[PDB]
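Along the sequence shown, residues carry numbers from 1. Both ligands and their constituent atoms are indexed starting at 1 by order of listing.
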Amino acid sequence: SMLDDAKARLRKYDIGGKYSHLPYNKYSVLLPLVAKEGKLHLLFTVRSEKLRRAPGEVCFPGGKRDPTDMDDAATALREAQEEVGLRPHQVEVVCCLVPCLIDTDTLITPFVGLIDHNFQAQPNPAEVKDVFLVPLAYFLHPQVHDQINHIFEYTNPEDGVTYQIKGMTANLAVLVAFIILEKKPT
Ligand SMILES: O=C(Cc1ccccc1)Nc1cccc(Cl)c1
């Protein structure tokens, strides 16, 4: 099946807890995979304009680890619940992808999660201005704009709204798309 195939592909790239005990400032992100209309999608947030760091930027749900978290996956799920109302029964964490090093002292761990088909986002407006889906296949043939660094522009065909996706968020989206969609019979 599509979903069993995606999970099997993802598991091959799982690094597990290999880098998780290293003494960094630790953040986790959840890369939420949603199946709609027979295709996989990634769920993205737009950060609230009122936030002091990266207002209005497209990001995956996530945030800083706190003492309550049993592990890095827990961080991702806690923050996703706070930001978009995703409850733990509504997500299956499939793997941990390569972590992202930034600022010399920070490690961001991405987890891919399969999201329940009955989940409906409840954007928390203190943190999230918007939530939207992008088909995973888009990241194989993105509309690229150079600002010099590469920016993806995705227009939602439902409403014509264009979102800019860049940086770590864009990079991770492409990674997930490659992992899941490469070398597939039509
Ligand atoms: O903050 C993140 C994930 C993240 C973690 C670490 C570095 C870069 C992105 N995501 C998010 C998205 C919407 C609202 C809020 Cl409050 C946070």
Side-chain angles (χ1 to χ4, degrees), residues 10 15 17-34 41-88 90-116 119-134 136 138-139 142 149-154 156 161-177:
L10 289 161
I15 72 142
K18 195 165 278 187
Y19 286 70
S20 64
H21 79 270
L22 293 165
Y24 282 102
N25 293 312
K26 290 172 66 50
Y27 295 71
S28 298
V29 298
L30 180 67
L31 283 29
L33 283 170
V34 174
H41 297 70
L42 280 167
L43 179 151
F44 296 83
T45 69
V46 180
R47 289 167 67 80
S48 160
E49 304 274 60
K50 187 54 184 285
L51 299 180
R52 200 168 57 77
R53 43 178 159 83
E57 268 188 31
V58 171
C59 293
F60 291 113
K64 194 166 165 38
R65 177 159 177 171
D66 85 10
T68 72
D69 298 325
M70 289 296 302
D71 59 19
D72 288 326
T75 305
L77 296 193
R78 178 173 54 72
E79 292 280 342
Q81 187 161 359
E82 166 64 24
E83 291 149 11
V84 306
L86 182 73
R87 293 162 69 191
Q90 304 187 112
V91 53
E92 181 185 1
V93 177
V94 180
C95 69
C96 181
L97 290 180
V98 287
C100 311
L101 302 176
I102 64 163
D103 294 336
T104 76
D105 60 11
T106 298
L107 188 146
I108 302 166
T109 303
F111 291 87
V112 182
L114 301 201
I115 302 307
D116 189 77
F119 168 72
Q120 289 197 119
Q122 300 182 244
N124 170 356
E127 289 168 350
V128 171
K129 178 158 63 140
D130 197 3
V131 175
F132 66 101
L133 302 176
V134 183
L136 192 61
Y138 167 84
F139 297 98
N149 86 124
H150 305 303
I151 285 175
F152 296 161
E153 296 198 341
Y154 174 69
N156 182 355
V161 175
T162 302
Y163 299 91
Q164 292 191 334
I165 309 177
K166 66 197 191 170
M168 184 190 70
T169 298
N171 282 255
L172 288 170
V174 169
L175 176 61
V176 172

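- Residue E127 touches ligand 1 through backbone and side chain together, judged by heavy-atom distances below 4.0 Å.
- Between the CG atom of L43 and the CG atom of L30 there is a distance of 8.5 Å, given to the nearest 0.5 Å.
- Protein heavy atom closest to atom 11 (C) of ligand 1, with residue, atom name and distance, is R47 NH1, 3.5 Å.
- Of all atoms in ligand 1, numbered sequentially from 1 with element shown, those under 4.0 Å from a heavy atom of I108 are 7 (C).
- The pair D66-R78 counts as a salt bridge, with a side-chain nitrogen and a carboxylate oxygen less than 4.0 angstrom apart.
- Residues that satisfy the ring-ring contact (aromatic ring centres under 6.0 Å, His included) test with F60, not counting sequence neighbours, are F44.
- No side-chain heavy atom of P61 sits under 4.5 Å from any side-chain heavy atom of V131.
- Regarding atom 13 (C) of ligand 1, its nearest protein heavy-atom neighbour is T45 OG1, 3.3 Å.
- At a 3.5 angstrom cut-off on N or O pairs, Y27 does not count as close to ligand 1.
- In this structure, atom 4 (C) of ligand 1 lies nearest to the protein heavy atom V29 CG1, 3.5 Å.
- The closest heavy-atom contact to atom 2 (C) of ligand 1, among the options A80, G62, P110, comes from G62.
- You'll find the side chain of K50 stays beyond 4.5 Å of the side chain of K129, heavy atoms only.
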